Every structure is written in C-alpha cells, then in structure tokens.
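Colleague: Experimental coordinates for this protein are included below, preceded by the sequence.
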Amino acid sequence: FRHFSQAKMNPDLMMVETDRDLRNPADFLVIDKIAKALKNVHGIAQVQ
Amino acid sequence: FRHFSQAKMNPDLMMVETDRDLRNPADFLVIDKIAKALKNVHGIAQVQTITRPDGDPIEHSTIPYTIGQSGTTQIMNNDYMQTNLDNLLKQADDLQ
Amino acid sequence: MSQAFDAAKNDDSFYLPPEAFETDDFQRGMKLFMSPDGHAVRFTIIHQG
Amino acid sequence: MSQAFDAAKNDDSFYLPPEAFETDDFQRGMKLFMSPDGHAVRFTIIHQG
Amino acid sequence: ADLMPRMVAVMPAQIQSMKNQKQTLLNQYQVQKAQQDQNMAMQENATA
Amino acid sequence: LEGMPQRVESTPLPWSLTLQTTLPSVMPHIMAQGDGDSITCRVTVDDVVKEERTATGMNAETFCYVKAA
Amino acid sequence: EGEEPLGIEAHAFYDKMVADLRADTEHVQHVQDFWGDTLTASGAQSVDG
C-alpha cells in the first residue's frame, strides 16, 4: 500500500467463452468493445 | 415460439414527427443516432428502421469502411503503370 | 479493415452517401419507414424475453 | 493528429491489422489472455478505493 | 560514291526510334487520361 | 461485389461477367485497356444499363464507375 | 519492494524465484508472469518503480 493502490492486491476476473476461434481482428473489435463497457462502469479503475 | 422468440410476436412502435423533410443524409445521421440510443436501453433486443432495415446495421455504412476501401483504385491501375515503366526502359534503349 | 468492420457488425459510425438515396432498394425502404411527405419516421422495437 | 490522439490516450475507435497478429509480442499476449484453442478470453478488473 | 550509301544506310535506325517514341507517347496519354478521368469521377461530390 | 479488386490477365473480346449479391447497395467498377482503336464498357444492374463509356484512339483505355447501385 | 528502483539484478532474481516457484508442483499450480513479459510489464510495476 506504500506504492500501489489497495484495489490492485484484490483484482477481479471475468471470462467470456465462445464456441469459435477468436484470434482474428473482427473478434478483437468486439473484445475491445466489451473492455470499454467494463471500464465505463462506475467504480472501476482500469481493465486489462 | 418453436422458431422465433416471444418478443417478436408483440413488438413496439415509436414515431418521431418533425416539420421538415427528412430524406437527406444529414437527417439520416440523427435518425441513426436515435436508433442507437433506443437499442442501448437495457432490455431491448433490436431496433429496425430505415437505417437498420433488417434490424442489423447496413453493411458498408461505417467510416472505417470508406477508409479501408480508399486504395483499391490504385491497385486496379497497377498493370497500366507497369506497362508505362517498361515503355520507359525500351525508350531508353531506343535513345541509345 | 473494411472486412473486419463489416464482420464485427460495428456501428460506432454511420454515413449514407446521397447517391444511395436514388437506388430502388432505398426508394422502397423510404416508403416503408417514412411518411409520404417525409416528415416522420417510425421505429420498430423488440424486447428481450 | 496522430501524436495528439496518442498523448490523450483516446479510445473512441480501435483496430488491429492482421499483420500484428504475427508479431512475437502479440503471439505471447494471446497465450497470456486467451485459451489455447482461442475459444475464450479473460479480463482483469481493478476497483477504485 | 562509296561514302554516300553509308549515309543512306544510317538513316532507317533513327526513324524506327521516333516511331517507337510516338507509340509510347500515345499509350502513355491513354493511360494517364483514363487515370485522371477515373479519379475525377470518384472524387466528384465527395464533400457531401 | 465483395469489394475486392480482381484482374484478368488477357482475354479475347467480347468479354462478359455476371455477379449477384444480397447487399442493399454495391459499387460496380471496372477498367479495361485493349489493343484496338475503340473499346467500350457497360454496367447492367437488374437488366437496367447504369453506365456506358467509350474511349477512342490507339490502345484505348476506358472505365465504368457507378457510385451506388 | 526495494529502496531503489528495481533494475536488471532485480529481474534476474525475479526470474529465478519464478522458476523455483514453478518447480514446486505440489503447492504452486500456476504463476502468471506479467513483469517478465515486456507487453504487460507496465502494469506489474509501481509508478515510482
């Protein structure tokens, strides 16, 4: 806590599971959309 | 219900009424903005209107689509430019 | 880039050129979603569940 | 314009070209955030306070 | 009378060079005209 | 009609190609250069001629462009 | 944590510790190394370094 913030020691984890391969740019657009949606929630610092 | 979803048998209808003609691109931008706003409401599946005739966005309607298709014309002209370059080489030989 | 934005069904931006307003498909569409004098537009909304 | 959008950390739009998926940095990243068969992706979320 | 035929035989090579240059010019004109007209057709009414 | 450039190496004239799609709006576009003194392109959408252009001169080159069809 | 910003020797020590942690299969099951990878090293390290 002298260097980091308190929230970094207890992070959350979310997984989105699909049935097809997601390693193409078209799915990366949707992944970024989801990441922005998660970040915009009130009380969330950052999403990686 | 064996094929569709329950909500498609009882849809809602919204009308926006103005005083001027709306059949121009400038008003279509605002119509699309309204459609997106309605879709973002929690609990709404899809909204279909003139900018979303089948409920999905019209294909080839994004700005990045326009950007990504900017260089196809240059690719189409490649052969005719290569022929000119070969003609330049042959003209140099003729000068010799 | 164009293929990716089409496949992802992205809708962050939108623009319809004036030339598309003369095609028969949009001539029919504007008689299906807009009033005869073009002063109004109707939306169809479908719920979840 | 490019430097302005990079310095401001703007994120209104996003796009990754197909060529970037072959670089070693993203080859490692996709083994760090995605399943081996590529069917799932995990997110890390950090609160405020 | 022996030198004159040499001057006669020198000439034909240059005329062929001029003809080839004319053909190259015509082809170049066609290509660049098409490119310019195509670009002007595409860029027309793009400020809409 | 998928918005990708395609090329034909060299083919005897006349040449024709028919394409179909389900998209509301497409951008037909074609260029051609021949070895004759005249060449013409023509674009037909749903049995309606949308564009026709003729070029004249040695090794004539023409193009037919339709913004939306 | 260090009195001075962590440098090369810190990374070497960290790599050795990570290797030995991954060696102990009975207790440790998975170590997600973000500081080692340059793509994600920014997150794992504090602002002051």
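Modeller: Received the coordinates, thanks. Residues are numbered from 1 along each chain as shown, chains lettered A, B, ... in the order given.
Colleague: quick check, stretch C:29-41 touching chain B?
Modeller: Yes - judged by Cβ under 8 Å from any Cβ of the partner chain, stretch C:29-41 and chain B are in contact via C:29, C:30, C:32, C:33, C:34, C:37, C:38, C:39, C:40, C:41. Quick note: C-beta positions are derived from backbone N, CA and C, even for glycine.
Colleague: what residues does that stretch touch?
Modeller: The contact list for stretch C:29-41, computed with Cβ atoms under 8 Å, 6 or more residues apart in numbering or on different chains, reads B:15-23, B:31, B:49-50, B:53, C:21, C:42, F:24.
Colleague: Among the residues of stretch C:29-41 next to chain B, which one lies nearest to chain F?
Modeller: Nearest to chain F among the residues of stretch C:29-41 next to chain B is residue C:29, at 7.9 Å by Cβ to the nearest Cβ.
Colleague: Please enumerate the helices of the chain.
Modeller: By default, I'm working from chain A. Per DSSP state H, chain A has helices spanning A:25-39. These are given in chain order.
Colleague: ok, back up a step: only the buried subset of the residues of stretch C:29-41 next to chain B, as a PyMOL command please.
Modeller: Command for PyMOL that selects the buried part of the residues of stretch C:29-41 next to chain B, burial taken from 16 or more other Cβ atoms under 10 Å in any protein chain shown:
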select buried, chain C and resi 29+30+33+34+41
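Colleague: could I get the residues of stretch C:29-41 next to chain B as JSON lines with secondary structure?
Modeller: Formatted as JSON lines, the residues of stretch C:29-41 next to chain B follow (DSSP: H, G, I helix; E, B strand; the rest coil):
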{"residue": "C:29", "secondary structure": "helix"}
{"residue": "C:30", "secondary structure": "helix"}
{"residue": "C:32", "secondary structure": "helix"}
{"residue": "C:33", "secondary structure": "helix"}
{"residue": "C:34", "secondary structure": "strand"}
{"residue": "C:37", "secondary structure": "coil"}
{"residue": "C:38", "secondary structure": "coil"}
{"residue": "C:39", "secondary structure": "coil"}
{"residue": "C:40", "secondary structure": "strand"}
{"residue": "C:41", "secondary structure": "strand"}
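Colleague: and the angle for the helix or strand hosting residue E:8 with helix B:78-95?
Modeller: Using DSSP states H and E, residue E:8 falls within helix E:3-43. Interaxial angle, helix E:3-43 versus helix B:78-95 (axes from the mean of the first three to the mean of the last three Cα atoms, to 10 degrees): 160 degrees.
Colleague: So which elements touch helix E:3-43?
Modeller: helix B:72-76, helix B:78-95, strand F:29-33, strand F:61-65 (3 or more Cβ pairs under 8 Å, 6 or more residues apart in numbering or on different chains; DSSP states H and E).
Colleague: of all these, which lies closest to chain A?
Modeller: The nearest among the helices and strands packed on helix E:3-43, by Cβ to the nearest Cβ, is helix B:72-76 at 18.4 Å.
Colleague: Do any residues in that closest one lie close to chain F?
Modeller: Yes - counting by Cβ under 8 Å from any Cβ, contacts between helix B:72-76 and chain F involve B:72, B:73, B:75, B:76.
Colleague: Columns distance to chain C on top of the residues you listed, output as CSV?
Modeller: Converted to CSV, the residues of helix B:72-76 next to chain F look like this (distance: Cβ to the nearest Cβ, whole Å):
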residue, distance to chain C
B:72, 9
B:73, 14
B:75, 13
B:76, 16
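Colleague: Sort out which one of those lies nearest residue D:2 for me.
Modeller: Ranked by distance to residue D:2 (Cβ to Cβ), the residues of helix B:72-76 next to chain F are led by residue B:72 at 23.6 Å.
Colleague: Determine the number of other residues adjacent to the closest residue to the closest one other than its chain neighbours.
Modeller: Here the nearest residue to residue B:72 in space, its sequence neighbours aside, is residue F:5; by Cβ to Cβ, 6 or more residues apart in numbering or on different chains that works out to 5.1 Å. Neighbour count of residue F:5, defined by other Cβ atoms under 10 Å in any protein chain shown: 13.
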